[PDB]
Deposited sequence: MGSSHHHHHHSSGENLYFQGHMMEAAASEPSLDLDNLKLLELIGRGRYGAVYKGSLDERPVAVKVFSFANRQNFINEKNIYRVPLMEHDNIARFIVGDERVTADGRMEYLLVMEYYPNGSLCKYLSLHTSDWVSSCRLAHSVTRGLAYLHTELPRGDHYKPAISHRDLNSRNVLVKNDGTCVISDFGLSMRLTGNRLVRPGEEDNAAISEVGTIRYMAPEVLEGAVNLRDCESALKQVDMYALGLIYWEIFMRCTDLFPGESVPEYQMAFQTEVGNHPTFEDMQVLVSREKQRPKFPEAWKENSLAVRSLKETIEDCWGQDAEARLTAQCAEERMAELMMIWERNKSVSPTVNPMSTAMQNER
C-alpha cells in the first residue's frame, strides 16, 4: 500500500501534526505527520479512529496509519485520511457566508457528529464507548464538498464508558469552559463532566457559524469571520486572561444588535446557544438535545 504514498503541499498544522495533501495509489488523501515527540497523540488518534462503528457521515474518514524512518534518522508517524479540499470549518467560515438553511446545515451536521461521538453503543465485538473529544473547536472540524461538517483531530479524545478506563487543562485555551479554567471539573461523574466541556465549546462554534449567516444581517453586510472571543482577547490569549473573562467575569461572545429579537427564529437560536455555554455545566444541553433543537429550528422555518 504505502510504498506508493506521495506527499505534496502542506495544507495545515497544529500542536501535534503537520498535514499534507497527498497521493496514495494515484487517489488523493490527506496525510497527518507526527514527530516521535507526538507519538502518543498519533497512537491515541489512530485507536479512536479504529474503535468499532466510528465510520459515520459526520466523522472524518480514516484510511490507514503507518511508521517510517526518515532519511535524516528520525521516526515519523503518518495518519492517512480522506482529503477535504475546503479544510477546517474555521477556514471555511473565513471564506464563505451562508444563508439560514446552509448555516443550519453546518451547525446541525457538527452537532450530529458530536452526539454520535458522545453515545455509547453496547455491542460486544463492536462495542463503541462514549468518547469525549476534549479539544472541540472549528479548527478540529472539517467541511465536506457538500457543505456538511465532519469532526476530526482525536489526538486528545478519551473513552468514557466500558472497561479499562483511565481518569485524566490541555485543550485550546480560547475554547476552555469555565470549570476547566478553574481546574474544578467534576471528575467524580467523569463521563458527564467531559461531555459538558465539549458542549460548552460547541456553543462557541454555533456563535462562529451564525455570525457568518447572510440572513441574520438583513439590509447589511456580514462581518468578517472572527473566532470566538477574538475582539476581547486577541490572538493567543493566556490561560489567566481566559479565566478572568470567561469564568470570573462570566463573559461570552456577544450577539450583534442586528439580531433584533422580534424574529422568533433568532430569539430561539440565541437561547439554544446560551443553553450550551452556561456556567452551570450540569444544566447545559446534551449533544443529543442540541441536535434536536437545531433540527427543530430549521423546522421553525415555515
- request: Give the ranges of the deposited sequence, numbered from 1, for which the structure holds no C-alpha coordinates, in sequence order.
  value: 1 to 32, 201 to 209, 344 to 363
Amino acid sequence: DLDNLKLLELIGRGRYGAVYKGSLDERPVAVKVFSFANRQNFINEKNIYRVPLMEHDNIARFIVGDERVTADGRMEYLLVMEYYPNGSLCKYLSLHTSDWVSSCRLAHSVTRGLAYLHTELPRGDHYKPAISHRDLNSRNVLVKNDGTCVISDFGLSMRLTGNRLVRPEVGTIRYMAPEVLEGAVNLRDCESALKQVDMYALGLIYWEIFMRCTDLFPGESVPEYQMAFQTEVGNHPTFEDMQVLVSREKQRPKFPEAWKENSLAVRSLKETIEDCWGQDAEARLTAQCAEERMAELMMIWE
From here on, numbers count along this sequence of modelled residues.
message: Test of understanding: from the entry's C-alpha B-factors, which stretch has the higher mean, 248 to 256 or 56 to 64?
response: 248 to 256
- prompt: On average, which has the higher Cα B-factor in the deposited entry, 233 to 241 or 25 to 33?
  reply: 233 to 241
message: Can you tell me which of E208, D99, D189, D135 has the maximum CA B-factor listed in the PDB entry?
response: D189
- request: Return the residue from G113, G147, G87, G171 that has the highest Cα B-factor in the entry.
  value: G171
query: Lowest, middle or highest third: where is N38 by Cα B-factor in its chain?
result: middle
Entry-reported Cα temperature factor of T161, expressed as the chain third it lands in: middle
message: Using only modelled residues of the chain, where does the Cα B factor of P178 rank: lowest third, middle third or highest third?
response: highest
statement: The third of the chain into which the C-alpha temperature factor of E120 falls is the middle
field: Ranked against its chain, the third holding the CA B-factor of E261
entry: highest
